[PDB]
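Data block below; observations after.
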There are 6 protein chains.
Amino acid sequence: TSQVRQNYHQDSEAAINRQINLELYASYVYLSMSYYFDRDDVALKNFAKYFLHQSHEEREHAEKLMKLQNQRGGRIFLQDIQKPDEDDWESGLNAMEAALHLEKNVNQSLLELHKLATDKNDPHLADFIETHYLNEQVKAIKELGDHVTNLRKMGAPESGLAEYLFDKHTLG
Amino acid sequence: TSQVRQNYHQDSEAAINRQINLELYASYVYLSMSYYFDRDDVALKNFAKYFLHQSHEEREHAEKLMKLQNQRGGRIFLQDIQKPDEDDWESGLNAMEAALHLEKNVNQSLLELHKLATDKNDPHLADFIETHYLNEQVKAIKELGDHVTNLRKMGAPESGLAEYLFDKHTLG
Amino acid sequence: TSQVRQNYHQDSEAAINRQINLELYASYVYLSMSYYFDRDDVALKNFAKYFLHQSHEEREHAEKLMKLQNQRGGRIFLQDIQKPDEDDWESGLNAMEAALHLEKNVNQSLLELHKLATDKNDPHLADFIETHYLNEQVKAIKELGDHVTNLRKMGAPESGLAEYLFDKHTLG
Amino acid sequence: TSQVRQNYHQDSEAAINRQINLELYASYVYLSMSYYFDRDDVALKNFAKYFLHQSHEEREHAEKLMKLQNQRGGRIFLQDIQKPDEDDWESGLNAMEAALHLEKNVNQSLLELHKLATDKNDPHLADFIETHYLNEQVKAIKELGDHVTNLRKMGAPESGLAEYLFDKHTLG
Amino acid sequence: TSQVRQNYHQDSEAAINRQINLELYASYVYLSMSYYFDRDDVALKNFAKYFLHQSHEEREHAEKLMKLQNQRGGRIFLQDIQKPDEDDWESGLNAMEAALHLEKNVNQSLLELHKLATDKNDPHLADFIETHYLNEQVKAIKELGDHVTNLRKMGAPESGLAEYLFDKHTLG
Amino acid sequence: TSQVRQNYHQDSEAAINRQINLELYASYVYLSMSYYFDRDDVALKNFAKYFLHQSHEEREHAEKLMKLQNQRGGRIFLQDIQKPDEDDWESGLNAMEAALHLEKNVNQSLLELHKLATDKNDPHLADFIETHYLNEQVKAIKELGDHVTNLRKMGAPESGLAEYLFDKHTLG
Ligand SMILES: [Ca+2]
Ligand SMILES: [Ca+2]
Ligand SMILES: [Ca+2]
Ligand SMILES: [Ca+2]
Ligand SMILES: [Ca+2]
Ligand SMILES: [Ca+2]
Ligand SMILES: [Ca+2]
Ligand SMILES: [Ca+2]
Ligand SMILES: [Ca+2]
Ligand SMILES: [Ca+2]
Ligand SMILES: [Ca+2]
Ligand SMILES: [Ca+2]
Ligand SMILES: [Ca+2]
Ligand SMILES: [Ca+2]
Ligand SMILES: [Ca+2]
Ligand SMILES: [Ca+2]
Ligand SMILES: [Ca+2]
Ligand SMILES: [Ca+2]
Ligand SMILES: [Ca+2]
Ligand SMILES: [Ca+2]
Ligand SMILES: [Ca+2]
Ligand SMILES: [Ca+2]
Ligand SMILES: [Ca+2]
Ligand SMILES: [Ca+2]
Ligand SMILES: [Ca+2]
Ligand SMILES: [Ca+2]
Ligand SMILES: [Ca+2]
Ligand SMILES: [Ca+2]
Ligand SMILES: [Ca+2]
Ligand SMILES: [Ca+2]
Ligand SMILES: [Ca+2]
Ligand SMILES: [Ca+2]
Ligand SMILES: [Ca+2]
Ligand SMILES: [Ca+2]
Ligand SMILES: [Ca+2]
Ligand SMILES: [Ca+2]
Ligand SMILES: [Ca+2]
Ligand SMILES: [Ca+2]
Ligand SMILES: [Ca+2]
Ligand SMILES: [Ca+2]
Ligand SMILES: [Ca+2]
Ligand SMILES: [Ca+2]
Ligand SMILES: [Ca+2]
Ligand SMILES: [Ca+2]
Ligand SMILES: [Ca+2]
Ligand SMILES: [Ca+2]
Ligand SMILES: [Ca+2]
Ligand SMILES: [Ca+2]
Ligand SMILES: [Ca+2]
Ligand SMILES: [Ca+2]
Ligand SMILES: [Fe+3]
Ligand SMILES: [Fe+3]
Ligand SMILES: [Fe+3]
Ligand SMILES: [Fe+3]
Ligand SMILES: [Fe+3]
Ligand SMILES: [Fe+3]
Ligand SMILES: [Fe+3]
Ligand SMILES: [Fe+3]
Ligand SMILES: [Fe+3]
Ligand SMILES: [Fe+3]
Ligand SMILES: [Fe+3]
Ligand SMILES: [Fe+3]
């Protein structure tokens, strides 16, 4: 056992490894979305920038969980990063809806992790998840919902003018 | 159901609406206290400023709960803001004692809200309440207790000289 | 009688208490409107900011009337702040129309207050109302009318694109 | 009962007094270690500085718990600060190992305190401990483990050259 | 066919998709190496920082190839990012040797890509690879070889003092 | 015998260890006094700050004696730090009187130490004590006497107004 390990359950260690993979997966989904908007036949530069920023932030989220694993004396076991479920994200609205779904899935996983930490009487882990992950997820979900609403109200996806103007005025 | 809503119980949503009202009520109590000290026959300008500041801070507290409700996909339902239980707050000491009582009541409500969040396995809400409300309440209660103690020790309310000097040296 | 009171009729004192309540009510209506636009299914951030600013300004208006009451040696008697007449404000256009109606009601009350002051030969009160309230109300009403006109001309509320663009270009 | 006391169990108050003593004890252990490295026959100035810094930080930790006790309306009861379990700390490596053991003991106590707070439905106390103590302890333990590992890998304690170079390059 | 596509062979498009995956794979290998050095039982902070920097640079390399694919009117098809071939990288020297091997494999792939571009008379692609990838690879390989040589000459891995000092003086 | 030791009697070494303990004890007494004034039912913030400053200065005094012991080639032997003789310090005046008594006791010990140094023909130790301790003690005693006098003349402890005003105007 690691000399630093204290009050850190095997199940929590495993759940953190799973969460690392999920954050890396989210980073990869956002990378895919970004470059879809960089296609010459899509050509929404601020959608591309928005999703690239999200991709880089998800990598930061994963790295912080890797740091946590080592802080607690767990051992990192990486797994493959699955490719995303689409190659073509169809539209700005559709990508935002897929991102909303992704973020809710990530949130669900984090909530299960918090419950595990609580069940194993690991208050350090529970508060790590609260403090660094749970409000970030609520903010991310709220932002994506706001974006979806605006795009729908403006007439996306059928209105390419709507997506163009949203790209300029919200994402610019 | 709101597209953002996740792990947010109906009971929690209702409790947040009640808490919004209570913070707005506290803002109104402090507004009343402030202008009592602005009366020509009371004339304690720093008591007036202290309570006006508290009034504005309570409004900020309410607004942050309104933001939370929307972040979580709940729906804000406002209720009347009841007028305070006094029109004439009698003295600096008496107002400070009433403020202490108010803050303990607000704290009790927040503790019940945290317990509800915990019971509904809503760690985001529990940590929102911890992080933004519970230590602020402990600090507020401690400050008011300190003020009450000083005013009592100095001879308030019968000593108008005591209230005058406290106004200058503590609240100035 | 207060040592400062001079030329200040009982009826004027009562009317000022009523006006304090009306300004606090207007503040609360605007607070409600603000957070309606913060909902994830409405999501017009600059409408939200506009109405929050109006809410805070109405509180300032109320506080100045409280100060006036004490300046003149009247006594403040607060009343409940009624909740607004809607929970759901429907659209940007509908909220602007409701705000226009509110401001005209507040203006009507202020005009009646000025008439009372004049009838009681209270030129200080009449000029307080002129100087600090009446042109502010005319400006507020004109602005809201301008906003209503633009939203109607642009195609609101059926055009969510109209409300989106107004939010960006007028209220941003 | 103190006028500020609310939701603060007798057992929690007692546990906070015990924790104050433990933090003061840790401060004293680190003070002892510091001046061991200041001996002419040990002469590792950066080990001395490192442990003196830790001593001063532990005093800050104790003072913050004293402040907490008063914030909550508990009453501070101090106890003797026991002298450390060694006078001669043998080597840089041995002192780091003893510090690691100390910090794990302090952590164990803090975890028991959090569990108590949770059991007594004291979310303010639980989050005080989370926010100000638990991650600090995880960081402290990780740092000490890292230091122990490096010293072992370098050849300490038999290599006085190892301890010398660690003093310069890690602790300098 | 994309409106921008000109002189861009199907085989080149496919090879660029493969290269994107390989750069993302290299990023993941370096991420794994980084956090191995962050373990409490390894504890070489500058090895950790070095490899994290390499990880982030490999992501940049992948993103630039994604941009290229779109510039030329090809279509990005992402694939899974395979987990690395080790979980435990054993030592600073062993990780540097594995990184050298990785970089030579990436170089081999880039050289094959250049040959393909040349064979398909695609001078834009050939010079993209020359200009942005081939000298970077030669520099990376030379640096890693230099690091391997130094660690071997110093006595790594058996000398943990060697790895410690290399971490401080070369990688710091 | 330590390689640095010269003209340093065993009895002097022992007396320095005793003095270290006494300075640490004084630090602890002042810490206790400080947080007594931080109680909600005492609430004299500048008394609290004054005594906390004294606590930190006494720790500095102890650390300098530890440094001296090592400078001379003596060996530090720490002892328990006894808890203070009161938990409740009663009033500002009573705490100042207890501090005066403490400082006179510390002075008596330092004078005995100087006499010992003189008797053992240790002029370095005698002048260390003169230069760094004896005038500091005379200044401390004079200040505390001045404070006691003022509090008595003002009407402390029965006048809580006296203690309040002293806290503001002398200790602020
Ligand atoms: Ca464990
Ligand atoms: Ca386990
Ligand atoms: Ca595992
Ligand atoms: Ca796959
Ligand atoms: Ca698929
Ligand atoms: Ca599919
Ligand atoms: Ca499909
Ligand atoms: Ca927030
Ligand atoms: Ca739900
Ligand atoms: Ca429900
Ligand atoms: Ca409700
Ligand atoms: Ca009422
Ligand atoms: Ca009543
Ligand atoms: Ca009544
Ligand atoms: Ca009554
Ligand atoms: Ca928390
Ligand atoms: Ca605090
Ligand atoms: Ca009159
Ligand atoms: Ca009249
Ligand atoms: Ca009236
Ligand atoms: Ca009503
Ligand atoms: Ca109604
Ligand atoms: Ca209705
Ligand atoms: Ca209706
Ligand atoms: Ca004008
Ligand atoms: Ca209690
Ligand atoms: Ca109890
Ligand atoms: Ca106790
Ligand atoms: Ca002992
Ligand atoms: Ca012993
Ligand atoms: Ca022993
Ligand atoms: Ca022994
Ligand atoms: Ca950290
Ligand atoms: Ca072509
Ligand atoms: Ca082709
Ligand atoms: Ca292909
Ligand atoms: Ca694989
Ligand atoms: Ca394998
Ligand atoms: Ca293998
Ligand atoms: Ca193998
Ligand atoms: Ca070329
Ligand atoms: Ca070169
Ligand atoms: Ca000697
Ligand atoms: Ca001797
Ligand atoms: Ca001795
Ligand atoms: Ca004792
Ligand atoms: Ca005793
Ligand atoms: Ca006693
Ligand atoms: Ca006694
Ligand atoms: Ca002097
Ligand atoms: Fe995100
Ligand atoms: Fe994430
Ligand atoms: Fe407050
Ligand atoms: Fe509040
Ligand atoms: Fe207005
Ligand atoms: Fe108004
Ligand atoms: Fe520490
Ligand atoms: Fe500590
Ligand atoms: Fe590289
Ligand atoms: Fe590369
Ligand atoms: Fe002193
Ligand atoms: Fe001293």
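Chain identifiers are assigned as A, B, and so on, following the order in which chains appear in the structure tokens; residues are numbered from 1 within each chain, and ligands are numbered from 1 in order of appearance.
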- Show me which residues sit within 10 Å of ligand 7 when counting only C-alpha atoms and all ligand atoms, and put them as a PyMOL selection string. chain A and resi 85-88
With C-alpha atoms kept, could you save the residues just selected as a PDB file, in the first residue's frame?
ATOM      1  CA  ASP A  85     -20.588   8.527 -31.679  1.00  0.00           C
ATOM      2  CA  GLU A  86     -20.709  10.815 -34.731  1.00  0.00           C
ATOM      3  CA  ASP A  87     -18.303  11.978 -37.394  1.00  0.00           C
ATOM      4  CA  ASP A  88     -20.714  14.621 -38.815  1.00  0.00           C
TER       5      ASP A  88
END
- Enumerate as a list in words the residues belonging to chain D that approach chain A to within 7 Å, with only C-alpha atoms taken into account.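 Close to chain A, chain D has residues 130, 134, 135, 138, 139, 141, 142 and 145 of chain D.
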- Message: At a cut-off of 9 Å, using only C-alpha atoms, what residues contact range 41-45 of chain C? Leave out same-chain residues fewer than 2 positions from it and give the result as a VMD selection string.
- Response: (chain A and resid 145 to 150 153) or (chain B and resid 2 to 3) or (chain C and resid 34 36 to 39 47 to 50 90 to 92 163 to 164 167 to 168 172)
Mind fitting chain A to chain E by least squares on all Cα atoms in order and giving back the moved coordinates as a compact mmCIF listing (two decimals) with C-alpha atoms, in the first residue's frame?
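selection-v1.txt, freshly written:
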# COMPACT_ATOMS: atom_id res chain seq x y z
CA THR A 1 -16.41 16.56 -53.68
CA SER A 2 -15.56 19.51 -51.48
CA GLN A 3 -15.45 22.85 -53.30
CA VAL A 4 -11.92 23.45 -52.03
CA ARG A 5 -10.42 20.08 -52.93
CA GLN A 6 -7.63 20.23 -55.50
CA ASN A 7 -4.74 17.82 -56.11
CA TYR A 8 -5.55 15.92 -52.89
CA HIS A 9 -5.51 12.15 -53.32
CA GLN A 10 -7.85 9.82 -51.42
CA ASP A 11 -4.81 7.94 -50.13
CA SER A 12 -3.29 11.16 -48.74
CA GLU A 13 -6.57 12.01 -47.00
CA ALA A 14 -6.59 8.56 -45.38
CA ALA A 15 -2.94 8.84 -44.35
CA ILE A 16 -3.62 12.19 -42.69
CA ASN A 17 -6.45 10.60 -40.68
CA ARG A 18 -4.02 7.90 -39.55
CA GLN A 19 -1.42 10.51 -38.62
CA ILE A 20 -3.99 12.44 -36.57
CA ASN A 21 -4.60 9.28 -34.56
CA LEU A 22 -0.87 8.66 -34.08
CA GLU A 23 -0.26 12.18 -32.77
CA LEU A 24 -3.20 11.82 -30.38
CA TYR A 25 -1.75 8.46 -29.28
CA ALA A 26 1.63 10.08 -28.63
CA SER A 27 -0.12 12.77 -26.59
CA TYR A 28 -1.72 10.03 -24.47
CA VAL A 29 1.57 8.14 -23.96
CA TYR A 30 3.18 11.33 -22.71
CA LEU A 31 0.21 12.04 -20.41
CA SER A 32 0.64 8.58 -18.88
CA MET A 33 4.37 9.09 -18.43
CA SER A 34 3.82 12.49 -16.82
CA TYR A 35 1.57 11.24 -14.07
CA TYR A 36 3.76 8.21 -13.41
CA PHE A 37 6.44 10.70 -12.29
CA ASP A 38 3.81 12.40 -10.09
CA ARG A 39 3.32 9.22 -8.05
CA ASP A 40 4.41 9.52 -4.40
CA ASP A 41 6.73 6.53 -4.87
CA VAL A 42 8.42 8.03 -7.96
CA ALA A 43 8.26 11.75 -7.17
CA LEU A 44 10.28 13.39 -9.98
CA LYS A 45 8.37 16.63 -10.56
CA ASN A 46 10.40 17.88 -13.51
CA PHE A 47 10.12 14.59 -15.37
CA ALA A 48 6.38 14.98 -14.77
CA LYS A 49 6.39 18.54 -16.12
CA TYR A 50 8.56 17.61 -19.13
CA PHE A 51 6.24 14.84 -20.23
CA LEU A 52 3.09 16.90 -19.61
CA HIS A 53 4.53 19.60 -21.88
CA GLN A 54 5.24 16.96 -24.51
CA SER A 55 1.66 15.69 -24.17
CA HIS A 56 0.22 19.15 -24.79
CA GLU A 57 2.53 19.75 -27.74
CA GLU A 58 1.47 16.44 -29.35
CA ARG A 59 -2.16 17.56 -29.06
CA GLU A 60 -1.20 20.77 -30.90
CA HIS A 61 0.44 18.62 -33.60
CA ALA A 62 -2.77 16.61 -33.98
CA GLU A 63 -4.94 19.73 -34.13
CA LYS A 64 -2.76 21.18 -36.90
CA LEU A 65 -3.25 18.00 -38.97
CA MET A 66 -7.02 18.27 -38.41
CA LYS A 67 -6.83 21.84 -39.67
CA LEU A 68 -4.82 20.62 -42.70
CA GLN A 69 -7.40 17.96 -43.53
CA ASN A 70 -10.10 20.61 -43.65
CA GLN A 71 -7.89 23.09 -45.52
CA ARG A 72 -7.47 20.55 -48.30
CA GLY A 73 -11.13 19.50 -48.37
CA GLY A 74 -10.59 16.09 -46.85
CA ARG A 75 -12.84 14.76 -44.14
CA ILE A 76 -11.70 13.95 -40.63
CA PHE A 77 -12.50 10.45 -39.37
CA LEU A 78 -11.34 9.95 -35.81
CA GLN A 79 -10.53 6.58 -34.30
CA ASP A 80 -10.12 5.33 -30.76
CA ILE A 81 -7.01 6.56 -28.95
CA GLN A 82 -5.38 3.37 -27.73
CA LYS A 83 -4.14 3.28 -24.19
CA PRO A 84 -0.35 3.11 -23.87
CA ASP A 85 1.63 -0.12 -23.73
CA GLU A 86 2.63 0.39 -20.08
CA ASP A 87 0.96 1.59 -16.92
CA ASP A 88 4.24 1.72 -14.91
CA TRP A 89 7.16 3.33 -16.73
CA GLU A 90 9.77 1.96 -14.25
CA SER A 91 12.27 4.85 -14.15
CA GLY A 92 13.25 8.15 -15.68
CA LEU A 93 15.69 6.41 -18.01
CA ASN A 94 13.17 3.80 -19.09
CA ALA A 95 10.53 6.45 -19.84
CA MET A 96 13.04 8.48 -21.89
CA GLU A 97 13.96 5.34 -23.85
CA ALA A 98 10.26 4.61 -24.50
CA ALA A 99 9.74 8.22 -25.61
CA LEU A 100 12.70 7.94 -28.00
CA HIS A 101 11.16 4.79 -29.48
CA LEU A 102 7.77 6.51 -29.79
CA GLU A 103 9.23 9.53 -31.54
CA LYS A 104 11.13 7.35 -34.01
CA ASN A 105 7.86 5.52 -34.78
CA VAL A 106 6.06 8.83 -35.32
CA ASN A 107 8.92 9.96 -37.56
CA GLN A 108 8.73 6.77 -39.61
CA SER A 109 5.04 7.42 -40.20
CA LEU A 110 5.68 11.02 -41.21
CA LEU A 111 8.40 9.93 -43.66
CA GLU A 112 6.00 7.46 -45.23
CA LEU A 113 3.43 10.26 -45.47
CA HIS A 114 5.95 12.50 -47.22
CA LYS A 115 6.80 9.71 -49.65
CA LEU A 116 3.08 9.25 -50.38
CA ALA A 117 2.62 12.96 -50.97
CA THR A 118 5.63 12.95 -53.34
CA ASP A 119 4.33 9.88 -55.17
CA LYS A 120 0.96 11.59 -55.66
CA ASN A 121 2.64 14.83 -56.82
CA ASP A 122 1.19 16.78 -53.88
CA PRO A 123 3.87 19.39 -53.17
CA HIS A 124 1.68 21.36 -50.77
CA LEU A 125 1.27 18.30 -48.54
CA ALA A 126 4.94 17.35 -48.87
CA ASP A 127 6.06 20.78 -47.82
CA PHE A 128 3.46 20.93 -44.99
CA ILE A 129 5.04 17.78 -43.60
CA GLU A 130 8.60 19.04 -44.14
CA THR A 131 8.03 22.44 -42.70
CA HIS A 132 5.90 21.65 -39.67
CA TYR A 133 6.76 18.06 -38.75
CA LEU A 134 10.05 16.62 -40.02
CA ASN A 135 12.58 18.98 -38.32
CA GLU A 136 10.48 19.01 -35.17
CA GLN A 137 10.82 15.23 -35.12
CA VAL A 138 14.58 15.31 -35.70
CA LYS A 139 14.92 17.82 -32.84
CA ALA A 140 12.71 15.73 -30.55
CA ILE A 141 14.67 12.55 -31.26
CA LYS A 142 18.01 14.29 -30.73
CA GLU A 143 16.86 15.74 -27.40
CA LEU A 144 15.61 12.38 -26.18
CA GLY A 145 18.82 10.70 -27.25
CA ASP A 146 20.81 13.33 -25.38
CA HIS A 147 18.68 12.74 -22.26
CA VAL A 148 19.08 8.95 -22.49
CA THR A 149 22.85 9.33 -22.84
CA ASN A 150 23.13 11.58 -19.82
CA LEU A 151 20.98 9.35 -17.63
CA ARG A 152 23.00 6.28 -18.64
CA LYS A 153 26.33 8.04 -18.04
CA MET A 154 25.17 9.31 -14.64
CA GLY A 155 24.19 5.76 -13.50
CA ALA A 156 20.44 5.61 -13.98
CA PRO A 157 18.23 3.81 -13.18
CA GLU A 158 20.03 2.09 -10.32
CA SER A 159 21.24 5.45 -9.08
CA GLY A 160 18.19 7.24 -7.85
CA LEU A 161 20.58 10.08 -7.04
CA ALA A 162 21.33 10.30 -10.84
CA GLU A 163 17.65 10.57 -11.74
CA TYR A 164 17.11 13.11 -8.94
CA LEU A 165 19.97 15.31 -10.15
CA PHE A 166 18.96 15.04 -13.82
CA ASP A 167 15.44 16.07 -12.84
CA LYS A 168 16.86 19.16 -11.11
CA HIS A 169 19.58 20.24 -13.48
CA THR A 170 18.43 19.21 -16.97
CA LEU A 171 14.65 19.16 -16.67
CA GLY A 172 14.27 21.90 -14.08
- Message: Among range 104-165 of chain B, which residues does DSSP mark as alpha helix (DSSP H) when it is run on the backbone? Keep the chain and numbering as in the structure and answer as an NGL selection string.
- Response: :B and (104-119 or 123-129 or 135-154 or 160-165)
- In Å, rounded to a single decimal, give me how far atom 1 (Fe, counted along the ligand's line) of ligand 55 is from atom 1 (Ca, counted along the ligand's line) of ligand 12.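 Computing the Euclidean distance for atom 1 (Ca, counted along the ligand's line) of ligand 12 and atom 1 (Fe, counted along the ligand's line) of ligand 55 yields 25.2 Å.
Atom pair atom 1 (Ca, counted along the ligand's line) of ligand 46 / atom 1 (Ca, counted along the ligand's line) of ligand 29: separated by 8.9 Å.
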